[PDB]
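Let me begin by presenting the structure, written as structure tokens, before commenting on it.
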Ligand SMILES: Cc1ccc([C@@H](NC(=O)Cc2ccc3c(c2)CCCC3)[C@@H](C)C(=O)O)cc1
């Protein structure tokens, strides 16, 4: 499963305005690479990879000229260092979560103005088409999404009135969502990822404060268990998994836009500061794929 030449890509983000940055971090030598800007600045987007290509999904362009929620899907090829537009989603989705199953991109929840989506849609890259699938049981913006064992999980978020500790799972062969065990902590804008047989939820916002606590859901035992907390509390953070470790990137702690990048080692149950982003930002999209040419 592991292979050389893989980088952690971070796309977009927010700092006083939505950002167009695409930067790639190499954990092997600690270097950052500046790559082609997004065609449209976006915060609150999600990133994912299908067939070696990096996709930026949804978000919102917060600029002095206005605030525009994004239905866009854009594809970055590391072999060419170029972005290419894809077919747009059916609705704009800010503060979105995405997950990949069998080479298809699931776009989950998000906001459009004061509308809080429970709708979900699926992208087919070979046909460049989006199609709606079953909506979630709960409206969720700032939702964390991860895929384990070809099942799609939507974790936490904000429904328009309350931040959520609830979570649910999508079963594709049934086109059906079912609630799973609720988290021990209310988390909106948490970083959600998959490591081994567990869904991790790191950080987030409970309506009052940002969190440094981290918990993981064992899909076999159906229980949430806290692991070691991050050094820096954060919400609207980027997250990914690389070489069996969790990386959290940036975010907002209620006072400062973080440039901190922490790395979680599950064998030692410890977090370590590995690098800092070139500038503090929140609401990034993050994914791992091969290094560019
Ligand atoms: C991407 C994302 C996901 C979830 C959220 C959720 N809020 C937070 O985490 C608090 C937060 C986070 C970043 C920033 C601010 C506030 C205010 C200043 C600008 C940056 C949102 C749904 C909610 O619970 O109100 C925000 C953004």
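Following Swiss-Prot, chain A residues are numbered 321-613, in order.
How was it done? The header gives X-ray crystallography, 1.5 Å.
Placed from the backbone N, Cα and C atoms, the Cβ positions cover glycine too.
Taken from Swiss-Prot, the feature S-cGMP-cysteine applies to 434, supported by similarity to another entry. For residue 434 (S-cGMP-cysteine), the same-chain residues lying six or more positions away in sequence with a CB closer than 8 A to its CB are 480.
Per Swiss-Prot, the feature S-(2-succinyl)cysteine maps to 613. A coil conformation is recorded for residue 613 (S-(2-succinyl)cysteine) in the three-state DSSP classification, outside any helix or strand.
Across the range of the repeat 'Kelch 1' (327-372), the DSSP-based residue counts are 0 helix, 24 strand, 22 coil. Under the heading repeat 'Kelch 1', Swiss-Prot lists 327-372.
Positions annotated as repeat 'Kelch 2' by Swiss-Prot: 373-423. DSSP assignment over the repeat 'Kelch 2' (373-423) gives 0 helix, 28 strand, 23 coil.
Swiss-Prot lists 424-470 with the feature repeat 'Kelch 3'.
Look at Swiss-Prot and you will find 471-517 tagged as repeat 'Kelch 4'.
Summarising the annotation, Swiss-Prot assigns repeat 'Kelch 5' to 518-564.
Residues or ranges marked as repeat 'Kelch 6' in Swiss-Prot: 565-611.
In the three-state DSSP scheme, residue 434 (S-cGMP-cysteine) falls into the coil class. What Swiss-Prot records for 434 is site 'Sensor for electrophilic agents'.
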Please count the residues of the repeat 'Kelch 4' (471-517) that DSSP assigns to helix (H, G, I), strand (E, B) and coil. 0 helix, 28 strand, 19 coil
As a test of the contact definition, list every same-chain residue at least 6 positions from residue 613 (S-(2-succinyl)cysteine) whose Cβ is closer than 8 Å to its Cβ. 398, 399, 400, 401
Counted with DSSP (H/G/I as helix, E/B as strand, rest coil), the repeat 'Kelch 5' (518-564) has 0 helix, 23 strand, 24 coil
